[PDB]
Amino acid sequence: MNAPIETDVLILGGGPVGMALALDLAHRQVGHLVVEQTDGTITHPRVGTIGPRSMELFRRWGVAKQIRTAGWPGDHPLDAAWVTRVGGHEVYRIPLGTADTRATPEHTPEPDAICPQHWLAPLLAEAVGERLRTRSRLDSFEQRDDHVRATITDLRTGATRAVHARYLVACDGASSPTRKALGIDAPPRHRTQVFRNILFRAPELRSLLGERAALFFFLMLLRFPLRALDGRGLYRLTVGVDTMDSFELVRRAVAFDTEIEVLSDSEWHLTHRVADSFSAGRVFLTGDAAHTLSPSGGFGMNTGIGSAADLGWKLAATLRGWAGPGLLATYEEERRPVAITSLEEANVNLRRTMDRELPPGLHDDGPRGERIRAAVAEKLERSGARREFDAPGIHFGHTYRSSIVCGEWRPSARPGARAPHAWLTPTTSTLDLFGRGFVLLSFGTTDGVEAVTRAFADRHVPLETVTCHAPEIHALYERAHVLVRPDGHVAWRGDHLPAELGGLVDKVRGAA
Ligand SMILES: Cc1cc2nc3c(=O)[nH]c(=O)nc-3n(C[C@H](O)[C@H](O)[C@H](O)COP(=O)(O)OP(=O)(O)OC[C@H]3O[C@@H](n4cnc5c(N)ncnc54)[C@H](O)[C@@H]3O)c2cc1C
Ligand SMILES: O=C1NCc2c1c1c3ccccc3[nH]c1c1[nH]c3ccccc3c21
Ligand SMILES: [Cl-]
């Protein structure tokens with residue numbers, strides 16, 4: 001006869017986002033538990049590209065190294081190429097080097113990475129440990145005044161147990177049963193696109209392609225993308241449906257006569273949706289459950305991870321007791337607008353490919369087809385197609401303009417924006433200073449800092465003060481004092497600390 005289990009945060013869903021939230025909560029020493037209905041095994045990778053901002057967060061949570069050393073070949077091309085057929089005529093290619101050779105980015109200590117879900121999942125599961133309960137399905141929940149009660153069914157054995165948690169964070173996906181149960185709607189913002197995904201293994205295809213290999217192959221037969229999943233034989237063909245045999249589809253897209261074994265052929269319905277509300281009482285929505293966006297630019301999962309990181313610190317602060325009563329509401333305040341708009345940027349990338357048409361003689365071998373291909377190439381570059389593969393602003397430019405920020409692409413320390421990266425040492429970035437409590441960076445004068453420290457202490461708001469004597473970084477941040485939030489974003493800056501510190505403290509913690 002087992003009794004109710006107690007934990008501060010119960011995370012519903014062990015997908016990438018739910019795991020990201022668990023990592024942040026562990027990093028902040030908040031008791032939590034993750035319940036995942038499946039056994040946690042991946043049979044058909046849905047994600048693989050990890051944006052630089054997400055990698056910075058994985059760096060913070062201590063798993064960035066293993067993600068990078070998970071198995072993506074250091075010498076595999078990262079290029080994006082528009083081709084009339086893989087192995088056939090090439091139309092346009094965006095060179096992106098290789099993991100081992102590309103220049104270290106100047107704006108971030110962590111460039112993007114490739115980690116197919118079948119590697120990421122075990123890796124995330126390993127980092128979350130025993131707090132991840134697989135084959136566990138949350139059947140129902142009931143909110144009470146100071147906690148939420150959930151009934152969990154052990155799908156391995158068959159026994160049902162109850163979990164009493166202070167907060168339930170639903171990371172249960174795009175069709176979020178939890179969102180429905182809360183009576184919150186997520187009205188479509190664009191027509192539902194139905195995609196057919198064919199996961200196949202072609203052991204010798206990379207050898208046949210060689211340097212002509214690519215991470216992304218945008219075919220133009222009739223038009224769709226083919227991806228190198230693990231850079232080791234596993235590929236994924238994505239074709240829009242709006243019906244040939246799975247094997248015959250791949251065969252048509254690949255001009256080579258090589259071993260091709262289709263492993264999976266499932267369907268995917270993408271419906272750009274954003275919840276009208278990101279929470280009800282003590283129940284929260286994160287990831288696709290809160291906002292489903294288009295995968296263009298890997299924008300979807302990266303936004304979920306960023307939203308998970310935002311809710312993580314606001315939850316910790318409230319559980320700790322130093323947060324104002326209105327801090328948790330700022331999760332929706334700051335993250336929904338990121339979805340409401342940012343879901344549009346992904347859509348633009350989808351539209352550009354959905355609208356591109358193909359002319360006659362594009363497959364020809366004569367100098368004519370080579371000329372018409374060069375024609376489409378020019379158009380492609382003009383339509384800004386290389387923007388879906390290079391948009392730092394999209395990964396790092398989101399600036400919060402909220403009730404807890406004191407308002408006043410290139411890295412900027414303006415209030416609301418991500419505090420910029422700069423190397424302290426060859427291994428330590430300004431980013432490595434953020435992630436715990438608030439951080440006050442002072443460039444030069446330390447006059448007035450003791451006042452800030454006391455103001456934060458009077459409210460029990462964690463604050464770490466750092467004096468920096470580096471002009472290059474001071475120039476970068478543009479002000480003498482910069483107050484950074486637990487999430488790495490600037491809450492306030494200025495050459496002179498404000499007069500009413502109590503006001504500042506109550507505002508940034510969501511008490512004002
Ligand atoms: C068939 C399919 C194909 C896709 N293809 C692509 C693609 O090609 N590119 C792309 O960018 N994105 C793709 N996606 C979307 C991508 O997987 C998500 O955007 C991403 O992983 C976001 O993660 P999430 O963590 O919010 O939720 P999800 O990854 O959707 O995970 C939700 C988790 O909740 C668990 N869960 C649900 N209900 C319960 C319960 N009652 N109790 C316990 N656990 C529960 C699930 O088992 C699951 O593991 C696809 C999705 C599907 C369904
Ligand atoms: O993961 C994906 N799954 C589908 C996808 C993905 C990605 C994707 C993933 C990471 C980075 C850029 C990306 N662009 C696209 C994409 N551009 C497209 C155009 C038409 C139809 C589908 C896509 C597409
Ligand atoms: Cl509480």
# chains A, B, ... in the order shown; residues from 1 in each chain; ligands from 1

$ residues_near_ligand --ligand "ligand 2" --cutoff "8 Å" --atoms "only C-alpha atoms and all ligand atoms" --output "list in words"
residues 46, 47, 48, 49, 50, 195, 216, 218, 224, 225, 238, 239, 240, 294, 295, 296, 297, 298, 299, 349, 350, 351, 352, 353, 354, 388 and 389 of chain A

$ residues_near_ligand --ligand "ligand 1" --cutoff "6 Å" --atoms "only C-alpha atoms and all ligand atoms" --output "PyMOL selection string"
chain A and resi 12-18+35-38+46-47+136-139+171-174+267-268+287-289+295+298+300-301

$ write_last_selection --atoms "N, CA and C atoms" --output "mmCIF file, in the first residue's frame"
data_model
loop_
_atom_site.group_PDB
_atom_site.id
_atom_site.type_symbol
_atom_site.label_atom_id
_atom_site.label_comp_id
_atom_site.auth_asym_id
_atom_site.auth_seq_id
_atom_site.Cartn_x
_atom_site.Cartn_y
_atom_site.Cartn_z
ATOM 1 N N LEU A 12 5.040 16.664 -16.978
ATOM 2 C CA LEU A 12 4.267 15.732 -17.784
ATOM 3 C C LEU A 12 4.849 15.681 -19.199
ATOM 4 N N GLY A 13 5.586 14.623 -19.504
ATOM 5 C CA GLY A 13 6.155 14.492 -20.831
ATOM 6 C C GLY A 13 7.667 14.500 -20.839
ATOM 7 N N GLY A 14 8.256 13.415 -21.327
ATOM 8 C CA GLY A 14 9.703 13.298 -21.383
ATOM 9 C C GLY A 14 10.286 13.563 -22.756
ATOM 10 N N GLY A 15 9.662 14.471 -23.496
ATOM 11 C CA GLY A 15 10.175 14.808 -24.807
ATOM 12 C C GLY A 15 11.340 15.763 -24.615
ATOM 13 N N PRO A 16 11.939 16.272 -25.698
ATOM 14 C CA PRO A 16 13.067 17.198 -25.573
ATOM 15 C C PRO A 16 12.804 18.348 -24.593
ATOM 16 N N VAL A 17 11.674 19.036 -24.764
ATOM 17 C CA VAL A 17 11.337 20.170 -23.905
ATOM 18 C C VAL A 17 11.145 19.778 -22.447
ATOM 19 N N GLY A 18 10.409 18.699 -22.205
ATOM 20 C CA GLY A 18 10.204 18.266 -20.837
ATOM 21 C C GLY A 18 11.536 17.921 -20.187
ATOM 22 N N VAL A 35 7.346 12.307 -15.914
ATOM 23 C CA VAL A 35 6.613 11.099 -16.271
ATOM 24 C C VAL A 35 6.445 11.027 -17.781
ATOM 25 N N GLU A 36 6.929 9.931 -18.349
ATOM 26 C CA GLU A 36 6.871 9.703 -19.783
ATOM 27 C C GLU A 36 6.137 8.388 -20.047
ATOM 28 N N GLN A 37 5.087 8.437 -20.863
ATOM 29 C CA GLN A 37 4.303 7.239 -21.148
ATOM 30 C C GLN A 37 5.005 6.151 -21.955
ATOM 31 N N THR A 38 5.855 6.527 -22.909
ATOM 32 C CA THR A 38 6.569 5.525 -23.707
ATOM 33 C C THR A 38 7.758 4.984 -22.910
ATOM 34 N N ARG A 46 12.515 12.641 -34.769
ATOM 35 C CA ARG A 46 11.691 13.765 -35.193
ATOM 36 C C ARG A 46 12.479 15.054 -35.163
ATOM 37 N N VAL A 47 13.513 15.086 -34.336
ATOM 38 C CA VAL A 47 14.347 16.267 -34.222
ATOM 39 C C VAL A 47 15.819 15.882 -34.362
ATOM 40 N N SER A 136 5.264 5.613 -17.753
ATOM 41 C CA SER A 136 4.378 6.166 -16.734
ATOM 42 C C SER A 136 3.441 7.162 -17.416
ATOM 43 N N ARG A 137 2.144 6.871 -17.394
ATOM 44 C CA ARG A 137 1.164 7.736 -18.045
ATOM 45 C C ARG A 137 0.278 8.518 -17.075
ATOM 46 N N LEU A 138 0.260 9.839 -17.208
ATOM 47 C CA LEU A 138 -0.580 10.640 -16.333
ATOM 48 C C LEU A 138 -1.993 10.538 -16.883
ATOM 49 N N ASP A 139 -2.881 9.951 -16.088
ATOM 50 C CA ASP A 139 -4.271 9.755 -16.487
ATOM 51 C C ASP A 139 -5.138 10.980 -16.223
ATOM 52 N N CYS A 171 4.272 19.197 -20.686
ATOM 53 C CA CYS A 171 5.181 19.231 -21.818
ATOM 54 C C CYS A 171 4.724 18.012 -22.615
ATOM 55 N N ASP A 172 3.404 17.878 -22.738
ATOM 56 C CA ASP A 172 2.830 16.736 -23.425
ATOM 57 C C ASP A 172 2.567 16.857 -24.912
ATOM 58 N N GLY A 173 3.189 17.834 -25.557
ATOM 59 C CA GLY A 173 3.048 17.929 -26.997
ATOM 60 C C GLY A 173 2.038 18.844 -27.649
ATOM 61 N N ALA A 174 2.068 18.825 -28.981
ATOM 62 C CA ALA A 174 1.200 19.649 -29.819
ATOM 63 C C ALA A 174 -0.298 19.417 -29.623
ATOM 64 N N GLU A 267 3.299 9.659 -40.856
ATOM 65 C CA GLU A 267 2.739 10.924 -41.303
ATOM 66 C C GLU A 267 2.834 11.963 -40.190
ATOM 67 N N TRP A 268 2.985 13.226 -40.575
ATOM 68 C CA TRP A 268 3.082 14.307 -39.604
ATOM 69 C C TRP A 268 2.199 15.480 -39.998
ATOM 70 N N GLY A 287 6.601 24.126 -24.227
ATOM 71 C CA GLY A 287 6.925 23.385 -25.434
ATOM 72 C C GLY A 287 5.787 23.457 -26.434
ATOM 73 N N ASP A 288 5.652 22.416 -27.243
ATOM 74 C CA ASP A 288 4.598 22.370 -28.251
ATOM 75 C C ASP A 288 3.207 22.514 -27.628
ATOM 76 N N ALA A 289 3.052 22.030 -26.398
ATOM 77 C CA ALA A 289 1.776 22.135 -25.690
ATOM 78 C C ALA A 289 1.321 23.590 -25.623
ATOM 79 N N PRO A 295 8.976 23.902 -38.166
ATOM 80 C CA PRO A 295 10.356 23.446 -37.965
ATOM 81 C C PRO A 295 11.444 24.198 -38.743
ATOM 82 N N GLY A 298 14.718 25.013 -37.414
ATOM 83 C CA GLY A 298 14.683 24.283 -36.154
ATOM 84 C C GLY A 298 14.036 25.130 -35.069
ATOM 85 N N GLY A 300 11.077 25.541 -33.953
ATOM 86 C CA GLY A 300 10.117 24.930 -33.046
ATOM 87 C C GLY A 300 10.649 24.418 -31.725
ATOM 88 N N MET A 301 11.488 23.390 -31.774
ATOM 89 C CA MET A 301 12.056 22.823 -30.559
ATOM 90 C C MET A 301 12.935 23.814 -29.792
#

$ closest_atom_pairs --of "chain A" --to "ligand 3" --cutoff "12 Å" --atoms "only C-alpha atoms and all ligand atoms" --output "tab-separated table"
residue	atom	partner	partner_atom_place_in_ligand_line	distance
A:7	CA	ligand 3	1 (Cl)	11.7
A:8	CA	ligand 3	1 (Cl)	8.4
A:9	CA	ligand 3	1 (Cl)	10.0
A:30	CA	ligand 3	1 (Cl)	11.8
A:145	CA	ligand 3	1 (Cl)	10.1
A:146	CA	ligand 3	1 (Cl)	6.9
A:147	CA	ligand 3	1 (Cl)	8.1
A:148	CA	ligand 3	1 (Cl)	11.1
A:165	CA	ligand 3	1 (Cl)	9.9
A:166	CA	ligand 3	1 (Cl)	6.2
A:167	CA	ligand 3	1 (Cl)	7.9
A:168	CA	ligand 3	1 (Cl)	11.7
A:281	CA	ligand 3	1 (Cl)	11.2
A:282	CA	ligand 3	1 (Cl)	8.8
A:283	CA	ligand 3	1 (Cl)	12.0
A:314	CA	ligand 3	1 (Cl)	10.9
A:315	CA	ligand 3	1 (Cl)	8.3
A:316	CA	ligand 3	1 (Cl)	9.2
A:317	CA	ligand 3	1 (Cl)	9.2
A:318	CA	ligand 3	1 (Cl)	5.7
A:319	CA	ligand 3	1 (Cl)	4.8
A:320	CA	ligand 3	1 (Cl)	7.9
A:321	CA	ligand 3	1 (Cl)	7.4
A:322	CA	ligand 3	1 (Cl)	10.6
A:323	CA	ligand 3	1 (Cl)	9.8
A:324	CA	ligand 3	1 (Cl)	11.0
A:325	CA	ligand 3	1 (Cl)	9.6
A:327	CA	ligand 3	1 (Cl)	11.6
A:328	CA	ligand 3	1 (Cl)	10.3

$ atom_distance --atom1 "CA of residue 313 in chain A" --atom2 "CA of residue 442 in chain A"
23.2 Å

$ select_by_dssp --residues "range 259-457 of chain A" --states "alpha helix (DSSP H)" --output "number ranges by chain"
A: 299-320, 329-355, 367-382, 392-396, 449-457

$ write_last_selection --atoms "C-alpha atoms" --output "PDB file, in the first residue's frame"
ATOM      1  CA  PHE A 299      12.740  27.178 -34.647  1.00  0.00           C
ATOM      2  CA  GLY A 300      10.117  24.930 -33.046  1.00  0.00           C
ATOM      3  CA  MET A 301      12.056  22.823 -30.559  1.00  0.00           C
ATOM      4  CA  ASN A 302      14.518  25.632 -29.833  1.00  0.00           C
ATOM      5  CA  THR A 303      11.669  27.919 -28.743  1.00  0.00           C
ATOM      6  CA  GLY A 304      10.327  25.179 -26.478  1.00  0.00           C
ATOM      7  CA  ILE A 305      13.723  24.746 -24.808  1.00  0.00           C
ATOM      8  CA  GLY A 306      13.980  28.514 -24.342  1.00  0.00           C
ATOM      9  CA  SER A 307      10.476  28.623 -22.855  1.00  0.00           C
ATOM     10  CA  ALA A 308      11.390  25.715 -20.580  1.00  0.00           C
ATOM     11  CA  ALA A 309      14.396  27.709 -19.347  1.00  0.00           C
ATOM     12  CA  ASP A 310      12.221  30.723 -18.665  1.00  0.00           C
ATOM     13  CA  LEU A 311       9.597  28.844 -16.664  1.00  0.00           C
ATOM     14  CA  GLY A 312      12.346  26.974 -14.816  1.00  0.00           C
ATOM     15  CA  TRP A 313      13.784  30.001 -13.000  1.00  0.00           C
ATOM     16  CA  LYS A 314      10.423  31.633 -12.351  1.00  0.00           C
ATOM     17  CA  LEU A 315       9.265  28.377 -10.766  1.00  0.00           C
ATOM     18  CA  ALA A 316      12.417  28.044  -8.641  1.00  0.00           C
ATOM     19  CA  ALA A 317      12.117  31.637  -7.436  1.00  0.00           C
ATOM     20  CA  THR A 318       8.502  31.094  -6.367  1.00  0.00           C
ATOM     21  CA  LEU A 319       9.230  27.786  -4.663  1.00  0.00           C
ATOM     22  CA  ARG A 320      12.149  29.447  -2.874  1.00  0.00           C
ATOM     23  CA  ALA A 329       2.421  35.226 -14.890  1.00  0.00           C
ATOM     24  CA  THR A 330       5.402  36.822 -16.667  1.00  0.00           C
ATOM     25  CA  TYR A 331       6.207  33.421 -18.193  1.00  0.00           C
ATOM     26  CA  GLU A 332       3.239  33.876 -20.532  1.00  0.00           C
ATOM     27  CA  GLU A 333       3.890  37.625 -20.700  1.00  0.00           C
ATOM     28  CA  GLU A 334       7.415  37.146 -22.072  1.00  0.00           C
ATOM     29  CA  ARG A 335       7.258  33.810 -23.911  1.00  0.00           C
ATOM     30  CA  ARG A 336       3.885  34.021 -25.695  1.00  0.00           C
ATOM     31  CA  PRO A 337       4.865  37.122 -27.683  1.00  0.00           C
ATOM     32  CA  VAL A 338       7.993  35.200 -28.710  1.00  0.00           C
ATOM     33  CA  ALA A 339       5.662  32.547 -30.132  1.00  0.00           C
ATOM     34  CA  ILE A 340       2.942  34.874 -31.482  1.00  0.00           C
ATOM     35  CA  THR A 341       5.515  36.531 -33.723  1.00  0.00           C
ATOM     36  CA  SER A 342       8.376  34.052 -34.026  1.00  0.00           C
ATOM     37  CA  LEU A 343       5.954  31.410 -35.301  1.00  0.00           C
ATOM     38  CA  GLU A 344       5.650  33.724 -38.314  1.00  0.00           C
ATOM     39  CA  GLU A 345       9.360  33.666 -39.163  1.00  0.00           C
ATOM     40  CA  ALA A 346       9.314  29.874 -39.506  1.00  0.00           C
ATOM     41  CA  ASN A 347       6.189  30.157 -41.662  1.00  0.00           C
ATOM     42  CA  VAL A 348       7.977  32.582 -43.989  1.00  0.00           C
ATOM     43  CA  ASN A 349      10.682  29.949 -44.603  1.00  0.00           C
ATOM     44  CA  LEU A 350       8.040  27.294 -45.272  1.00  0.00           C
ATOM     45  CA  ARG A 351       6.204  29.655 -47.654  1.00  0.00           C
ATOM     46  CA  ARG A 352       9.327  30.469 -49.673  1.00  0.00           C
ATOM     47  CA  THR A 353       9.774  26.764 -50.464  1.00  0.00           C
ATOM     48  CA  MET A 354       6.032  26.137 -50.830  1.00  0.00           C
ATOM     49  CA  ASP A 355       5.813  28.959 -53.377  1.00  0.00           C
ATOM     50  CA  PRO A 367      24.693  23.800 -71.574  1.00  0.00           C
ATOM     51  CA  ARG A 368      21.068  24.984 -71.651  1.00  0.00           C
ATOM     52  CA  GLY A 369      19.897  23.209 -68.510  1.00  0.00           C
ATOM     53  CA  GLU A 370      23.123  24.221 -66.805  1.00  0.00           C
ATOM     54  CA  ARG A 371      22.113  27.751 -67.774  1.00  0.00           C
ATOM     55  CA  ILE A 372      18.524  27.445 -66.560  1.00  0.00           C
ATOM     56  CA  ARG A 373      19.777  25.927 -63.303  1.00  0.00           C
ATOM     57  CA  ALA A 374      22.107  28.894 -62.845  1.00  0.00           C
ATOM     58  CA  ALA A 375      18.994  30.986 -63.451  1.00  0.00           C
ATOM     59  CA  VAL A 376      17.022  29.348 -60.647  1.00  0.00           C
ATOM     60  CA  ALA A 377      20.153  29.647 -58.512  1.00  0.00           C
ATOM     61  CA  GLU A 378      20.152  33.432 -58.917  1.00  0.00           C
ATOM     62  CA  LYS A 379      16.453  33.618 -58.098  1.00  0.00           C
ATOM     63  CA  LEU A 380      17.013  31.383 -55.065  1.00  0.00           C
ATOM     64  CA  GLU A 381      19.747  33.627 -53.675  1.00  0.00           C
ATOM     65  CA  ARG A 382      17.597  36.693 -54.345  1.00  0.00           C
ATOM     66  CA  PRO A 392      21.637  34.766 -35.749  1.00  0.00           C
ATOM     67  CA  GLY A 393      19.025  37.354 -34.847  1.00  0.00           C
ATOM     68  CA  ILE A 394      16.372  34.652 -34.911  1.00  0.00           C
ATOM     69  CA  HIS A 395      18.316  32.571 -32.381  1.00  0.00           C
ATOM     70  CA  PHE A 396      19.536  35.432 -30.182  1.00  0.00           C
ATOM     71  CA  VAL A 449      27.346  48.183  -5.420  1.00  0.00           C
ATOM     72  CA  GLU A 450      27.085  47.525  -1.680  1.00  0.00           C
ATOM     73  CA  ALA A 451      23.707  49.271  -1.765  1.00  0.00           C
ATOM     74  CA  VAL A 452      22.420  46.894  -4.443  1.00  0.00           C
ATOM     75  CA  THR A 453      23.650  43.863  -2.512  1.00  0.00           C
ATOM     76  CA  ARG A 454      21.739  44.930   0.602  1.00  0.00           C
ATOM     77  CA  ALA A 455      18.585  45.716  -1.377  1.00  0.00           C
ATOM     78  CA  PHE A 456      18.572  42.195  -2.866  1.00  0.00           C
ATOM     79  CA  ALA A 457      19.395  40.655   0.509  1.00  0.00           C
TER      80      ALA A 457
END

$ residues_around --residues "range 1-4 of chain A" --least-positions-apart "3" --cutoff "7 Å" --atoms "only C-alpha atoms" --output "ChimeraX atom specification"
/A:162-164

$ residues_around --residues "residue 251 in chain A" --least-positions-apart "6" --cutoff "12 Å" --atoms "only C-alpha atoms" --output "compact mmCIF listing (two decimals) with N, CA, C and O atoms, in the first residue's frame"
# COMPACT_ATOMS: atom_id res chain seq x y z
N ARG A 85 18.09 16.14 -57.92
CA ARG A 85 18.12 14.74 -57.51
C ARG A 85 19.42 14.55 -56.74
O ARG A 85 20.45 15.09 -57.13
N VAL A 86 19.38 13.81 -55.64
CA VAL A 86 20.59 13.58 -54.87
C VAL A 86 21.52 12.72 -55.73
O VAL A 86 21.24 11.55 -55.98
N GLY A 87 22.61 13.32 -56.19
CA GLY A 87 23.54 12.61 -57.04
C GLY A 87 23.33 13.07 -58.46
O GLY A 87 24.12 12.75 -59.35
N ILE A 198 9.84 9.62 -44.47
CA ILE A 198 10.41 8.31 -44.74
C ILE A 198 11.84 8.24 -44.21
O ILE A 198 12.73 8.93 -44.70
N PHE A 200 15.14 6.24 -43.86
CA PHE A 200 15.83 5.14 -44.51
C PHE A 200 17.33 5.09 -44.27
O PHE A 200 17.95 6.07 -43.85
N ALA A 202 21.00 4.16 -46.04
CA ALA A 202 21.72 4.00 -47.31
C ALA A 202 23.19 4.05 -46.91
O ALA A 202 23.83 5.10 -46.96
N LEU A 205 25.69 5.69 -49.54
CA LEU A 205 25.35 6.97 -50.16
C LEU A 205 26.36 8.08 -49.87
O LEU A 205 26.67 8.86 -50.77
N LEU A 237 13.52 11.46 -45.67
CA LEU A 237 12.89 12.16 -46.78
C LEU A 237 11.55 12.71 -46.30
O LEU A 237 10.74 11.97 -45.73
N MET A 244 2.82 7.27 -54.20
CA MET A 244 3.85 6.29 -54.53
C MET A 244 4.27 5.44 -53.34
O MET A 244 3.90 5.71 -52.20
N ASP A 245 5.05 4.40 -53.62
CA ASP A 245 5.56 3.51 -52.58
C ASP A 245 6.72 4.22 -51.89
O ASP A 245 7.45 4.97 -52.52
N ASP A 257 22.47 4.06 -57.62
CA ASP A 257 21.98 2.69 -57.59
C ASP A 257 22.68 2.07 -56.38
O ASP A 257 23.71 1.41 -56.52
N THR A 258 22.13 2.30 -55.20
CA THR A 258 22.76 1.81 -53.99
C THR A 258 21.76 1.20 -52.99
O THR A 258 20.55 1.32 -53.16
N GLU A 259 22.28 0.53 -51.96
CA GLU A 259 21.45 -0.10 -50.94
C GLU A 259 20.53 0.94 -50.28
O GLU A 259 21.00 1.95 -49.76
N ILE A 260 19.23 0.68 -50.30
CA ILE A 260 18.25 1.57 -49.71
C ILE A 260 17.19 0.78 -48.96
O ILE A 260 16.36 0.11 -49.57
N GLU A 261 17.24 0.84 -47.63
CA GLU A 261 16.25 0.13 -46.83
C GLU A 261 15.39 1.08 -45.99
O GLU A 261 15.86 1.66 -45.01
N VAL A 262 14.14 1.25 -46.40
CA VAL A 262 13.21 2.10 -45.69
C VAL A 262 12.96 1.49 -44.33
O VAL A 262 12.67 0.30 -44.23

$ atom_distance --atom1 "CA of residue 441 in chain A" --atom2 "CA of residue 56 in chain A"
19.5 Å

$ atom_distance --atom1 "CA of residue 232 in chain A" --atom2 "CA of residue 116 in chain A"
11.3 Å

$ residues_around --residues "residue 434 in chain A" --least-positions-apart "5" --cutoff "8 Å" --atoms "only C-alpha atoms" --output "number ranges by chain"
A: 439, 484-488

$ residues_around --residues "residue 79 in chain A" --least-positions-apart "3" --cutoff "12 Å" --atoms "only C-alpha atoms" --output "list in words"
residues 75, 76, 82, 92, 93, 94, 95, 96, 97, 98, 99, 102, 211, 212, 213, 214, 215, 216, 217, 218, 227, 228, 386, 389 and 390 of chain A

$ write_last_selection --atoms "N, CA and C atoms" --output "compact mmCIF listing (two decimals), in the first residue's frame"
# COMPACT_ATOMS: atom_id res chain seq x y z
N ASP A 75 33.71 15.63 -39.81
CA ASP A 75 34.03 16.02 -41.18
C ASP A 75 32.88 15.96 -42.18
N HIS A 76 31.65 15.76 -41.71
CA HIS A 76 30.51 15.71 -42.63
C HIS A 76 30.11 17.13 -43.03
N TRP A 82 20.25 22.65 -53.01
CA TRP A 82 19.05 22.49 -53.82
C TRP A 82 19.49 21.68 -55.03
N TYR A 92 21.65 24.85 -56.46
CA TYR A 92 22.19 25.86 -55.57
C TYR A 92 22.68 25.22 -54.27
N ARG A 93 23.84 25.66 -53.80
CA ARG A 93 24.41 25.12 -52.57
C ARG A 93 24.93 26.23 -51.67
N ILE A 94 24.60 26.12 -50.39
CA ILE A 94 25.04 27.07 -49.39
C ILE A 94 26.11 26.35 -48.60
N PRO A 95 27.39 26.73 -48.79
CA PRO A 95 28.50 26.11 -48.07
C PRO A 95 28.50 26.48 -46.59
N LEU A 96 28.56 25.47 -45.72
CA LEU A 96 28.55 25.70 -44.28
C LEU A 96 29.66 24.94 -43.55
N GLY A 97 30.67 24.55 -44.31
CA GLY A 97 31.81 23.85 -43.74
C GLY A 97 31.46 22.56 -43.04
N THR A 98 32.26 22.20 -42.05
CA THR A 98 32.06 20.99 -41.26
C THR A 98 32.23 21.36 -39.79
N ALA A 99 31.76 20.51 -38.89
CA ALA A 99 31.89 20.79 -37.47
C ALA A 99 33.34 21.05 -37.08
N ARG A 102 34.62 24.69 -39.41
CA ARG A 102 34.00 26.01 -39.43
C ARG A 102 34.56 26.93 -38.36
N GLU A 211 32.37 14.87 -51.10
CA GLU A 211 32.33 16.28 -50.73
C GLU A 211 31.04 16.92 -51.22
N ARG A 212 30.32 16.22 -52.10
CA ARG A 212 29.05 16.73 -52.60
C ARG A 212 27.92 16.38 -51.64
N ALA A 213 28.29 15.76 -50.52
CA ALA A 213 27.31 15.41 -49.51
C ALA A 213 26.78 16.72 -48.91
N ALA A 214 25.67 16.62 -48.19
CA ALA A 214 25.07 17.79 -47.57
C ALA A 214 24.24 17.36 -46.37
N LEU A 215 23.96 18.31 -45.48
CA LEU A 215 23.14 18.03 -44.32
C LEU A 215 21.69 18.07 -44.80
N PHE A 216 21.39 19.08 -45.62
CA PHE A 216 20.05 19.30 -46.17
C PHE A 216 20.06 19.25 -47.69
N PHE A 217 19.19 18.42 -48.26
CA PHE A 217 19.05 18.33 -49.70
C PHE A 217 17.62 18.75 -50.03
N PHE A 218 17.46 19.91 -50.65
CA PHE A 218 16.14 20.37 -51.03
C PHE A 218 15.95 19.94 -52.48
N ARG A 227 17.14 14.80 -45.66
CA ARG A 227 18.18 15.05 -44.68
C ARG A 227 19.10 13.91 -44.28
N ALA A 228 20.34 14.28 -43.97
CA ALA A 228 21.34 13.33 -43.48
C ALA A 228 21.07 13.37 -41.98
N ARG A 386 19.13 31.60 -48.31
CA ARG A 386 20.22 31.31 -47.40
C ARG A 386 19.98 31.92 -46.02
N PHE A 389 19.13 29.35 -43.18
CA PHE A 389 20.30 28.63 -42.69
C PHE A 389 21.33 29.56 -42.07
N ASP A 390 20.95 30.82 -41.92
CA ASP A 390 21.83 31.81 -41.31
C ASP A 390 21.02 33.02 -40.87

$ residues_around --residues "range 39-41 of chain A" --least-positions-apart "6" --cutoff "8 Å" --atoms "only C-alpha atoms" --output "PyMOL selection string"
chain A and resi 14+118+121-122+134-135

$ closest_residue --among "A:438, A:141, A:58, A:278" --to "residue 123 in chain A" --atoms "only C-alpha atoms"
A:58

$ closest_residue --among "A:249, A:66, A:156, A:256" --to "residue 124 in chain A" --atoms "only C-alpha atoms"
A:66

$ select_by_dssp --residues "range 183-279 of chain A" --states "strand (DSSP E or B)" --output "PyMOL selection string"
chain A and resi 188+193-201+216-220+223-228+234-240+254+261-270+273-274+279
